[PDB]
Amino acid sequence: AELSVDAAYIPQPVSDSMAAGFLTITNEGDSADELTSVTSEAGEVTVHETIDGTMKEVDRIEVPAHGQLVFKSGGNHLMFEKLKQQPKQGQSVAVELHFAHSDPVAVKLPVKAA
């Protein structure tokens, strides 16, 4: 339970099926962990890295000991796919973050202006 999240939101996408989510995970513990999956009732969620403006899926991204994992625009991000409609300002998406070596963490991601 030494993992916590802040800086969590979704910019309003120009899409009725896909969106990027940002958040920062902080690890106050002595041992590193991995984000192993993310679940949501809104759609399917995967972790992407950004590599010269291209996106790449990654299965098990590291959250370093006494460190933080930042998901932000043009870097690492959650990718929501198979959404049913365009997420809009006023709505929030809940996800659950699952870890290799720690309990799950629920996060709320409000949809913000793009």
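Note that residue numbering begins at 1 and tracks the sequence as displayed.
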| request: Identify the stretch, either 37-45 or 54-62, whose C-alpha atoms have the larger mean B-factor according to the entry. | output: 54-62
| message | If I read the C-alpha B-factors straight from the PDB entry, which of 1, 7, 107, 111 is highest? | response | 1
| Entry-reported Cα temperature factor of residue 13, expressed as the chain third it lands in | middle
| remark: Here the Cα B-factor of residue 70, set against its chain, lands in the third termed middle
